[PDB]
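Each remark here refers to the structure printed beneath this line.
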Amino acid sequence: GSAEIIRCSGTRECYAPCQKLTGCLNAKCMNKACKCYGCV
């Protein structure tokens, strides 16, 4: 892991990499990059 950004064309593309990092399915594609929101 040294990719610091995940590029995306929509939110569906963010779930997998955000889950890998955080353990949770909670993400949003904004400005063609993923936001990983993490876990409650």
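Note on naming: chains are A, B, ... as they come in the structure tokens, residues start from 1 per chain, ligands start from 1 in the order shown.
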
*From the DSSP assignment of the backbone, select every residue of chain A that is alpha helix (DSSP H), and format the answer as a ChimeraX atom specification.*
/A:15-22

Let's have the selection written as an mmCIF file, in the first residue's frame, with C-alpha atoms.
```cif
data_model
loop_
_atom_site.group_PDB
_atom_site.id
_atom_site.type_symbol
_atom_site.label_atom_id
_atom_site.label_comp_id
_atom_site.auth_asym_id
_atom_site.auth_seq_id
_atom_site.Cartn_x
_atom_site.Cartn_y
_atom_site.Cartn_z
ATOM 1 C CA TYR A 15 -16.391 0.206 -2.093
ATOM 2 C CA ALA A 16 -13.760 -2.487 -2.681
ATOM 3 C CA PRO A 17 -10.601 -0.444 -2.089
ATOM 4 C CA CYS A 18 -12.145 1.466 0.812
ATOM 5 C CA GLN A 19 -13.128 -1.819 2.419
ATOM 6 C CA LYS A 20 -9.725 -3.237 1.995
ATOM 7 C CA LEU A 21 -8.269 -0.290 3.857
ATOM 8 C CA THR A 22 -10.922 0.272 6.529
#
```

*Please, which residues of chain A, numbered as in this document, come out strand (DSSP E) from DSSP, as a list in words?*
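Result set for chain A (strand (DSSP E)): residues 27, 28, 29, 30, 33, 34, 35 and 36 of chain A.
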
Export N, CA and C atoms of the chosen residues as a PDB file, in the first residue's frame?
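Wrote it out as out19.pdb, contents follow:
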```pdb
ATOM      1  N   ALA A  27     -18.317   4.659   1.378  1.00  0.00           N
ATOM      2  CA  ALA A  27     -17.441   5.382   0.418  1.00  0.00           C
ATOM      3  C   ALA A  27     -18.242   6.234  -0.509  1.00  0.00           C
ATOM      4  N   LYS A  28     -17.543   7.188  -1.163  1.00  0.00           N
ATOM      5  CA  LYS A  28     -18.150   8.087  -2.099  1.00  0.00           C
ATOM      6  C   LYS A  28     -17.132   8.514  -3.127  1.00  0.00           C
ATOM      7  N   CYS A  29     -17.496   8.436  -4.382  1.00  0.00           N
ATOM      8  CA  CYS A  29     -16.668   9.042  -5.431  1.00  0.00           C
ATOM      9  C   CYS A  29     -17.000  10.537  -5.534  1.00  0.00           C
ATOM     10  N   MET A  30     -16.027  11.413  -5.259  1.00  0.00           N
ATOM     11  CA  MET A  30     -16.216  12.870  -5.371  1.00  0.00           C
ATOM     12  C   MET A  30     -15.032  13.418  -6.165  1.00  0.00           C
ATOM     13  N   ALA A  33     -12.194  10.975  -7.330  1.00  0.00           N
ATOM     14  CA  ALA A  33     -11.374  10.276  -6.342  1.00  0.00           C
ATOM     15  C   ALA A  33     -12.249   9.759  -5.216  1.00  0.00           C
ATOM     16  N   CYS A  34     -11.864   8.619  -4.620  1.00  0.00           N
ATOM     17  CA  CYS A  34     -12.665   8.022  -3.602  1.00  0.00           C
ATOM     18  C   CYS A  34     -12.450   8.691  -2.251  1.00  0.00           C
ATOM     19  N   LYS A  35     -13.559   8.932  -1.552  1.00  0.00           N
ATOM     20  CA  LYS A  35     -13.518   9.188  -0.139  1.00  0.00           C
ATOM     21  C   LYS A  35     -13.924   7.909   0.620  1.00  0.00           C
ATOM     22  N   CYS A  36     -13.073   7.487   1.549  1.00  0.00           N
ATOM     23  CA  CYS A  36     -13.323   6.307   2.352  1.00  0.00           C
ATOM     24  C   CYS A  36     -13.760   6.837   3.700  1.00  0.00           C
TER      25      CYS A  36
END
```

*Interatomic distance between CA of residue 13 (chain A) and CA of residue 25 (chain A)?*
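Pair CA of residue 13 (chain A) / CA of residue 25 (chain A) returns 11.3 Å.
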